[PDB]
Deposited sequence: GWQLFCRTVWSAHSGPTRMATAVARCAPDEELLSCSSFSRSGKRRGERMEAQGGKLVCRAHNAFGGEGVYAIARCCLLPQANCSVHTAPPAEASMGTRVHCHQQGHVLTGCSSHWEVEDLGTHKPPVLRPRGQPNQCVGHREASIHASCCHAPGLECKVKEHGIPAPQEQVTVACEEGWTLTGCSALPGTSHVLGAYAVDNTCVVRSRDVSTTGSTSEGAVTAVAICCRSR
């Protein structure tokens, strides 16, 4: 019956090594509802929601040959909340890594993904409260217990990727999570701007043309 307030926090650029990391953090009384990342060239290893000093933080990983990455936290005032992270490691021999909120009453607010390999491989091409990532990547689900909290998924896909793809939440909903659907080649990153989910792409033409899809997690109370 309350209002859900969310804001975007960008970390400082990480630096150019494989071990160079970027951390985006929320204020002590805010909740980290999602974690995304951005790199001007691509050449990234995704991101993960990690526990640091009792609170959850958004950590971004750089790839070998990458100039650095930005960690992008979505920070929200969610009253009476209990948020946890559920991780599924990669299954390289599968059609994609899957994870969902295990506790009854748990609501999915965001999906993060990170990989250990230098870049993501090729393959032959969602459920309630479920995150789906690349077969070679670890998938991280942000799962929250909050009274009256309801979340829904909205998608927008364009064949010609260009500069960006956007998907916006409807009026009355708050954008809590922003990401790109997996298998979409040439993704620079994703980030929330108000109630709009922005997915940036490297504009590389088709080589079966594909569709770069912006995936939004929209939440409300009551």
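field: Missing C-alpha runs, given along the deposited sequence, first residue counted as 1
entry: Sequence ranges with no C-alpha atoms are 126-131, 214-216.
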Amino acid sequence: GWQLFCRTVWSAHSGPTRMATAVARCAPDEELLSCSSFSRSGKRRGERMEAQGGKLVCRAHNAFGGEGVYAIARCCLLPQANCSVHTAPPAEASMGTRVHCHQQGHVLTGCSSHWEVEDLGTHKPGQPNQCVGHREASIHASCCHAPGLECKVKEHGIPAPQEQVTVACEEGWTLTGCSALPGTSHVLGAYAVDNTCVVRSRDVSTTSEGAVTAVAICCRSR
From here on, numbers count along this sequence of modelled residues.
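- prompt: Per the entry, where is the mean C-alpha temperature factor higher: 109-117 or 90-98?
  reply: Per the PDB record, 90-98.
- prompt: In the PDB record, does 158-166 or 52-60 carry the higher mean Cα temperature factor?
  reply: Taking the mean C-alpha B-factor of 158-166 and of 52-60, the larger value falls to 158-166.
message: Given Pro28, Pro182, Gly177, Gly172, identify the residue with the highest C-alpha B factor in the PDB entry.
response: Reading the PDB entry, the winner on C-alpha B-factor is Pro182.
message: When the deposited Cα B-factors of this chain's modelled residues are ordered and cut into thirds, is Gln104 in the lowest, the middle or the highest one?
response: Its C-alpha B-factor, which the entry lists for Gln104, ranks in the highest third among residues of this chain.
message: Which third, lowest, middle or highest, does the C-alpha temperature factor of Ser142 belong to within its own chain?
response: For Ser142, the deposited C-alpha B-factor lands in the lowest third.
task: Using the B-factor values recorded in the entry, state whether the Cα atom of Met19 falls in the lowest, middle or highest third among the modelled residues of its chain.
output: Its C-alpha B-factor belongs to the highest third of this chain's values.
- request: Looking at the entry's B-factor column for C-alpha atoms only, identify whether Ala214 ranks in the lowest, middle or highest third of its chain.
  value: Middle third.
message: Taking only the Cα B-factors deposited for this chain, tell me whether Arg135 sits in the lowest, middle or highest third.
response: For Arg135, whose C-alpha B-factor we compare with every modelled residue in the chain, the answer is the middle third.
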